[PDB]
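These notes are about the structure you will find just below.
2 protein chains.
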Amino acid sequence: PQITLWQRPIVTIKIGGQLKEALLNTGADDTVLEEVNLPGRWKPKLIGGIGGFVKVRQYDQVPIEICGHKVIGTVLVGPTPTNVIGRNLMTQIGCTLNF
Amino acid sequence: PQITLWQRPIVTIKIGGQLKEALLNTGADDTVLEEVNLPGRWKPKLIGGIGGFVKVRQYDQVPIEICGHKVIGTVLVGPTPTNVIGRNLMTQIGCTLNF
Ligand SMILES: CC(C)C[C@H](NC(=O)[C@H](CCl)NC(=O)C[C@H](O)[C@H](Cc1ccccc1)NC(=O)[C@H](NC(=O)c1ccccn1)C(C)C)C(N)=O
Numbered sequence: 001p002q003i004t005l006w007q008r009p010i011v012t013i014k015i016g017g018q019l020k021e022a023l024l025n026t027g028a029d030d031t032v033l034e035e036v037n038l039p040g041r042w043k044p045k046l047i048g049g050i051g052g053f054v055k056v057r058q059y060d061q062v063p064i065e066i067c068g069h070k071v072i073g074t075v076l077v078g079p080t081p082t083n084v085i086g087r088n089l090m091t092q093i094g095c096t097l098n099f
Numbered sequence: 001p002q003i004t005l006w007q008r009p010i011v012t013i014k015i016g017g018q019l020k021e022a023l024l025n026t027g028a029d030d031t032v033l034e035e036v037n038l039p040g041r042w043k044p045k046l047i048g049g050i051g052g053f054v055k056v057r058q059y060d061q062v063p064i065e066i067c068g069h070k071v072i073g074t075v076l077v078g079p080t081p082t083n084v085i086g087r088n089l090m091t092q093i094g095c096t097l098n099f
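In order, the protein sequence lines correspond to chains B and A.
When we follow the authors' numbering, the leftmost residue of the first sequence carries the number 1, and every step to the right adds one.
When we follow the authors' numbering, the leftmost residue of the second sequence carries the number 1, and every step to the right adds one.
Shown next, in the form of structure tokens:
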């Protein structure tokens with residue numbers, strides 16, 4: 001798709017057998033999702049850094065479908081105001097900024 | 001340009017007679033820049049909301065050049081860890097997400 005930016009670029013994703021919505025966020029290095037039980041191995045990761053850090057679970061090589069595009073990438077799972085698709089998965093789906 | 005997202009989408013801007021760098025951030029509703037003296041009228045605005053709010057100065061209808069595209073838009077000026085071009089000015093330059 002070509003997504004204009006008059007509204008927040010929220011897309012449908014499928015992850016861990018669930019449908020969810022997430023924000024395509026070119027300001028975010030990493031993808032951070034709230035409340036998903038993913039199977040397989042993880043390690044704790046400290047993110048943010050303003051006011052303290054937030055600890056999330058880092059799952060590598062997670063299959064995820066983003067606006068119909070089936071890809072693989074690292075997903076951080078933990079508390080986030082909104083589900084965010086970061087650059088790490090936008091590269092995988094071949095998403096570019098164009099003007 | 002077509003900008004891939006393997007690296008942070010940092011671009012050159014010209015604002016208030018200065019050259020600066022800023023991050024094209026589709027997760028940000030608004031444009032927030034640090035340390036610019038803009039002429040003309042402003043009003044205080046509270047932004048953020050996590051941990052408290054941050055107060056910035058809102059300047060409406062500011063001429064700004066973004067990666068060579070001369071546009072007009074609202075610029076919030078105050079303390080930010082990174083200069084950020086938000087959706088409000090990405091729409092003006094005709095920037096879309098494509099995949
Ligand atoms: C270092 C900490 C500030 C947090 C850390 N930050 C980052 O990764 C980067 C800056 Cl290093 N943040 C961003 O790029 C801002 C980002 O677009 C996030 C979007 C988001 C992410 C997660 C949940 C809810 C919303 N925030 C914003 O765009 C905006 N928030 C802001 O504080 C803000 C400040 C200055 C300029 C623009 N925006 C707002 C519209 C919500 C993180 N792990 O998310």
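The C-beta atom is built at its ideal place from N, Cα and C for all residues, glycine as well.
Proximity test, residue i beta-carbon vs ligand 1 heavy atom, cut-off 8 Å
i	result
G78(B)	no
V75(B)	no
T31(B)	no
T4(A)	no
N88(B)	no
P81(B)	yes
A28(B)	yes
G68(A)	no
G17(A)	no
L24(B)	no
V54(B)	yes
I13(A)	no
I50(B)	yes
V36(A)	no
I93(A)	no
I10(A)	no
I85(B)	no
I64(A)	no
CB contact flag (residue i, residue j, <9 Å)
i	j	result
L97(A)	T91(B)	no
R8(B)	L23(B)	yes
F99(A)	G27(B)	no
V77(B)	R57(B)	yes
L46(B)	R87(A)	no
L89(A)	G68(A)	no
Problem - Stretch pair the stretch 5–12 of chain A + the stretch 43–57 of chain B: three plus CB contacts closer than 8 Å - result: Output reads no: the stretch 43–57 of chain B does not touch the stretch 5–12 of chain A.
Problem - Cβ contact check for the stretch 62–80 of chain B and the stretch 27–41 of chain A: 3 or more pairs under 8 Å - result: Contact between the stretch 62–80 of chain B and the stretch 27–41 of chain A is absent: fewer than three C-beta pairs spanning the two stretches fall below 8 Å.
Handout entry: Segment contact flag, the stretch 30–37 of chain B with the stretch 75–93 of chain B, C-beta cutoff 8 Å, min 3 pairs
Key = Judged by Cβ distances under 8 Å, the stretch 30–37 of chain B makes contact with the stretch 75–93 of chain B, as three or more pairs qualify.
Exercise for the section: Identify every run of the beta strand (DSSP E) within the stretch 2–53 of chain B, keeping only runs that are complete inside it and at least 3 residues long; order them along the chain. Expected result: Here the runs fully enclosed are 10–15, 18–24, 43–48.
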